[PDB]
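Chains as they are written, first to last, in the entry's author numbering: chain P, 53 to 90, 98 to 283; chain R, 84 to 152, 167 to 177; chain U, 315 to 417; chain N, 114 to 217; chain O, 89 to 225, 229 to 289; chain Q, 162 to 204, 209 to 268. Working notes, structure below.
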Amino acid sequence: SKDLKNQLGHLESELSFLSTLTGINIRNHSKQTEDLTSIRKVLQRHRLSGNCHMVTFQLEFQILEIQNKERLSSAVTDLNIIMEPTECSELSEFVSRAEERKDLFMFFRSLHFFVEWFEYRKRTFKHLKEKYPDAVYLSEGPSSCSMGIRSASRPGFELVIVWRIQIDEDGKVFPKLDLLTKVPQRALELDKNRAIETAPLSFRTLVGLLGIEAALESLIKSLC
Amino acid sequence: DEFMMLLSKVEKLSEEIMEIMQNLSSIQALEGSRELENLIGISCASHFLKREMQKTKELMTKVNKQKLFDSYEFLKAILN
Amino acid sequence: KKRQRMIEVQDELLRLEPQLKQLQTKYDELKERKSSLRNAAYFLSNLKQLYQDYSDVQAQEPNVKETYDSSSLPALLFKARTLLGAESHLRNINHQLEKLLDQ
Amino acid sequence: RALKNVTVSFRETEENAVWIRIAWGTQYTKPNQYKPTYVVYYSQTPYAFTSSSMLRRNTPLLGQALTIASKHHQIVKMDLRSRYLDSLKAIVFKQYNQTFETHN
Amino acid sequence: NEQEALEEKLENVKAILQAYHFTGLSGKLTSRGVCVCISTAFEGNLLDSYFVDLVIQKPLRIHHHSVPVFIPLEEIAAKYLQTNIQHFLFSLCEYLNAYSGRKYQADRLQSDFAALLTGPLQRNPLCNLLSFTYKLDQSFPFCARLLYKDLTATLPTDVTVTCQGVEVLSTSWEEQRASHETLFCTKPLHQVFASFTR
Amino acid sequence: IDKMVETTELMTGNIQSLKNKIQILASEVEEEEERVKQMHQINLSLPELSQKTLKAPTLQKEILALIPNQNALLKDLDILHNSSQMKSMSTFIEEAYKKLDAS
């Protein structure tokens with residue numbers, strides 16, 4: 053029976069290695085089948108749960124395997140996935156679209172890319188916050204959308220930077236970086252050169268020039 | 084100690100929050116088209132705030148009383 | 315004899331084309347790099363000067379109730395998100411909280 | 114344009130291949146139908162298989178034609194010759210080993 | 089006793105792995121290393137699957153595989169193989185799914201709607217350039236040219252259809268061809284045909 | 162043969178001209194980038214965002230676009246921010262968030 057324990061250990065190690073390699077941790081799975089035959100037609104109903112890093116999911120679907128003499132065609136006739144109720148509404152509407160399309164692989168790929176970009180955004184915010192406690196006001200949180208950069212001595216001048224993650228109709232994921240300026244008028248009548256109205260385009264050129272963190276570091280040093 | 088008293092005062096002050104929310108017409112003008120509500124992220128809606136906030140209170144007390152407060170190197174790292 | 319000359323001049327042209335193709339491209343991003351770099355330097359200098367200039371008038375008059383115009387309106391409404399999104403924040407906090415209770 | 118008199122044929126084959134037959138001639142001779150050249154070109158891929166009968170005289174010309182028609186800059190001859198075109202194909206596309214260990 | 093629980097654990101993990109096969113990509117551990125499997129499906133229709141065999145010793149190599157030649161594995165391998173292996177796997181998954189979907193669209197159109205098409209459509213192994221001439225039953232002779240400039244997408248980027256065989260005599264033809272240009276770029280290929288047939 | 166040799170001569174002349182032009186431009190960009198490096202530092210290796218993001222429509226332009234008749238509406242949100250209750254509840258939400266991230 054010791055050898056049997058050896059196979060159990062080997063299988064557990066292989067499962068852990070594969071799960072950490074792909075990034076999907078799969079929980080229990082249940083299959084219930086019903087044979088509805090007229098050329099043979101077989102139907103299966105599946106149920107499995109799991110999670111991917113922060114995100115957790117549980118989904119139920121069924122496939123119709125139309126066996127015949129020369130082809131084995133199986134189509135996912137019905138899909139149904141349910142999400143934990145977070146505020147991430149864009150993920151929910153992507154869930155709705157994928158449910159309408161009835162595609163399973165695309166859902167997993169898009170979920171991976173989404174959570175991956177989310178992890179980058181959160182870690183970048185946390186790192187730049189811990190770098191400069193004195194010039195960063197993380198109003199809503201590191202795992203949230205926007206950022207606030209302000210001076211402690213004076214709250215009049217402040218610029219807000221927004222980081223958003225968007226899922227396209229086709230399925231691919233892409234972020235976008237913009238900013239807004241909370242500026243009192245007194246500064247506007249103060250300086251005549253007045254290039255802050257061009258701030259969006261110039262900021263985007265700067266961030267595309269040499270990177271994201273570099274541009275933010277330069278801006279925060281300039282503000283200080 | 085100080086955490087509860089700030090909770091107590093906002094309970095008596097929350098009623099005024101809905102009044103100023105409903106007195107101003109432009110807040111109600113925000114709803115109606117979903118296109119701006121996409122930018123805010125979900126939607127603008129303040130209807131069951133009173134019901135939701137009071138639920139937080141007793142469960143907060145339960146928290147208080149029950150005291151609820167490279168590839169190769171990566172690949173070889175988990176293989177062991 | 316002439317056929318061989320035709321073949322070898324064709325080889326010459328076929329080899330020469332990629333080099334021009336690469337060089338033109340390289341110049342194309344180099345010039346844009348220079349222009350964008352100069353623009354970014356100008357913008358950063360101007361914004362730093364503007365903030366340094368403003369860093370004195372507020373100290374001179376700290377008791378003035380600063381107003382804002384339509385330019386700062388997007389920032390103001392984005393700050394108002396925490397006010398209106400407070401309900402969603404509350405539900406998120408709760409849904410986190412019964413997770414501890416269930417454990 | 115390089116030669117004057119030449120006959121070339123095409124037979125679009127299934128499974129993404131092309132068969133070409135070429136009868137060689139020049140300005141002052143009619144094409145020789147006894148000694149043709151066959152080439153099998155797999156589109157979208159860098160490989161083409163040719164038969165060595167009389168191609169020694171016009172090898173650079175056929176090389177240029179192939180590299181121009183398919184939009185490629187350079188061409189070289191692999192030192193691998195055989196009489197079994199399918200074995201050559203399996204080796205060149207390296208698909209002679211098709212056993213994969215899976216648990217399903 | 090112990091044997092029953094041990095058999096339960098074995099069947100549990102075996103069920104978990106075959107279930108884990110449904111995520112899209114799965115792997116098994118061998119002596120040399122891992123053997124990965126890539127699954128391809130379009131619109132819920134399961135399709136072919138592809139294998140790649142990896143060697144773990146530094147530097148990572150590829151022993152043998154079954155991805156087709158005309159797909160660019162070499163560029164992706166050179167660019168992402170040595171670092172961030174999982175992103176390499178996901179990029180390969182995208183490249184394979186897009187190709188399978190495009191080929192499925194073309195083949196299903198050919199199989200189903202042979203009535204409307206006049207001649208066989210033009211197509212290439214990688215399936216990124218389609219051209220066909222279709223007549224719908229008044230009779231409107233139209234010829235189209237679809238270009239998929241992006242190899243990770245299943246919809247053409249540049250599409251053009253022109254009326255040939257007769258000079259335009261009614262604005263109806265012009266609005267029809269404009270609608271066709273929008274439809275081909277927006278919607279899947281085989282669905283649009285079934286749409287305007289009915 | 163004459164046509165091809167004329168073409169190849171023209172092309173190699175163009176290649177040489179582009180070569181010395183790009184050499185001059187590459188020399189030129191260096192002092193400017195060094196000068197801009199005077200106040201800014203030389204340097209989580211995040212991949213650069215695609216040009217689709219950079220050339221996407223700006224947020225501020227669309228924000229100004231979708232909204233008519235701002236002034237009266239934005240006047241009231243200033244008073245809303247002036248409300249101390251909003252600041253108190255926002256600070257409570259923020260400190261509650263810190264009660265979750267530190268765990």
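C-beta atoms are modelled at their ideal positions from N, C-alpha and C, and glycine is treated no differently.
Residue i versus residue j - alpha carbon distance
| i | j | result |
| --- | --- | --- |
| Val323(U) | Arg236(O) | 36 Å |
| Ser82(P) | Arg104(P) | 9 Å |
| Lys202(N) | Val152(N) | 13 Å |
| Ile232(Q) | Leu224(Q) | 13 Å |
| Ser126(R) | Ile228(Q) | 16 Å |
| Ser384(U) | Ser261(P) | 20 Å |
| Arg106(P) | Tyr155(N) | 45 Å |
| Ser188(Q) | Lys348(U) | 11 Å |
| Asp192(N) | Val205(N) | 12 Å |
| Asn217(N) | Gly115(O) | 11 Å |
| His152(O) | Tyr138(O) | 11 Å |
| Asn145(N) | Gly138(N) | 6 Å |
| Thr72(P) | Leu98(O) | 21 Å |
| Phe162(N) | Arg182(P) | 54 Å |
| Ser199(O) | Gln193(O) | 10 Å |
| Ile150(O) | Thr74(P) | 18 Å |
| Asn252(P) | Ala221(Q) | 27 Å |
| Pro201(P) | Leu187(P) | 10 Å |
| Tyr368(U) | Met88(R) | 40 Å |
| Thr243(O) | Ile220(P) | 31 Å |
| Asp342(U) | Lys182(Q) | 12 Å |
| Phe275(O) | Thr218(Q) | 26 Å |
Residues that residue i contacts on chain R, provided the C-beta gap is smaller than 7 Å
| i | result |
| --- | --- |
| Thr72(P) | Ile175 |
Test: residue i CB closer than 9 Å to a CB of chain Q
| i | result |
| --- | --- |
| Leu172(R) | no |
| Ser198(P) | yes |
| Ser210(P) | no |
Proximity test, Cβ basis, 9 Å: residue i and chain O
| i | result |
| --- | --- |
| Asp84(R) | no |
Residue-level contact to chain P via CB, residue i, 9 Å cutoff
| i | result |
| --- | --- |
| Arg317(U) | no |
| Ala165(O) | no |
| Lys393(U) | yes |
| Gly115(R) | no |
| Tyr138(O) | no |
Interface flag, residue i vs chain R, CB-CB below 9 Å
| i | result |
| --- | --- |
| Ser402(U) | yes |
| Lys264(Q) | yes |
Residues that residue i contacts on chain U, provided the C-beta gap is smaller than 8 Å
| i | result |
| --- | --- |
| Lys180(Q) | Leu337 |
Chain-ordered chain Q contacts of residue i [CB-CB under 7 Å]
| i | result |
| --- | --- |
| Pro376(U) | Simply none; closest approach about 17 Å. |
Per-residue contacts from residue i into chain Q (C-beta, under 9 Å)
| i | result |
| --- | --- |
| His171(P) | Ordered by position in chain Q, no residue passes the 9 Å Cβ test against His171(P), which lies about 16 Å from the chain. |
According to DSSP, residues forming a beta bridge with residue i
| i | result |
| --- | --- |
| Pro243(P) | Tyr382(U) |
| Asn133(O) | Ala134(P), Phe130(O) |
| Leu238(P) | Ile220(P) |
| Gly109(P) | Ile78(P), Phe116(P) |
| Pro232(O) | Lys223(O) |
Beta carbon proximity, residue i to chain U, threshold 9 Å
| i | result |
| --- | --- |
| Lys241(P) | yes |
| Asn175(Q) | yes |
| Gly215(P) | yes |
| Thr218(Q) | no |
Contacts of residue i in chain U (Cβ-Cβ under 9 Å)
| i | result |
| --- | --- |
| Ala115(N) | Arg317, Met320, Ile321, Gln324 |
Contact list for residue i against chain R, beta-carbon separation under 9 Å
| i | result |
| --- | --- |
| residue 206(Q) | The model contains no atoms for residue 206(Q), which sits in the stretch where chain Q goes from 204 to 209 directly. |
| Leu148(O) | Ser168, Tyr169, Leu172 |
9 Å Cβ cut-off: residues of chain N touching residue i
| i | result |
| --- | --- |
| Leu328(U) | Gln177, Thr180, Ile181, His186, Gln187 |
Chain N contact residues for residue i, given Cβ-Cβ distances below 8 Å
| i | result |
| --- | --- |
| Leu214(O) | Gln157 |
Min CB distance residue i to chain N below 9 Å
| i | result |
| --- | --- |
| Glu346(U) | no |
| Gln145(O) | no |
Under 8 Å by beta carbon: chain O residues contacting residue i
| i | result |
| --- | --- |
| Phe213(N) | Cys123, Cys125, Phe139, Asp141, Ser154 |
For this session: Mind checking the segment 181 to 205 of chain O against chain P and listing, in chain order, the residues whose C-beta falls within less than 8 Å of any C-beta there?
Result: So the list reads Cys181, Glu182, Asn185, given in the order they occur along the chain.
For this session: Please name the residues in the segment 223 to 242 of chain Q whose beta-carbon is closer than 9 Å to at least one beta-carbon of chain P, in chain order.
Result: Near chain P, meaning a CB-to-CB distance below 9 Å, the residues of the segment 223 to 242 of chain Q are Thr223, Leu224, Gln225, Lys226, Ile228.
Problem set entry | Cβ-based contacts, 8 Å cut-off: residues of the segment 166 to 185 of chain N near chain U | Here the close residues are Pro173, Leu174, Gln177, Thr180, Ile181.
Exercise. When Cβ atoms are compared, which residues of the segment 229 to 247 of chain O fall closer than 9 Å to chain P?
Worked result: Against chain P - using a Cβ distance shorter than 9 Å - the residues of the segment 229 to 247 of chain O are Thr243, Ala244, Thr245, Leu246.
Exercise. What residues in the segment 270 to 282 of chain P have a beta carbon less than 9 Å from any beta carbon of chain Q?
Worked result: Those would be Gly270, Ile271, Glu272, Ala273, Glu276, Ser277, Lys280, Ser281, in chain order.
For this session: For the segment 357 to 371 of chain U, enumerate the residues whose C-beta is nearer than 8 Å to any C-beta of chain P, in chain order.
Result: Going along the segment 357 to 371 of chain U in chain order, one finds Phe357, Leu358, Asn360, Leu361, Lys362, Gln363, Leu364, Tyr365, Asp367, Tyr368, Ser369, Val371 with a Cβ nearer than 8 Å to chain P.
Exercise. Of the residues that make up the segment 144 to 159 of chain P, which ones have a beta carbon closer than 8 Å to any beta carbon in chain U?
Worked result: Of all residues in the segment 144 to 159 of chain P, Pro144, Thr145, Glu146 have a Cβ within less than 8 Å of some Cβ in chain U.
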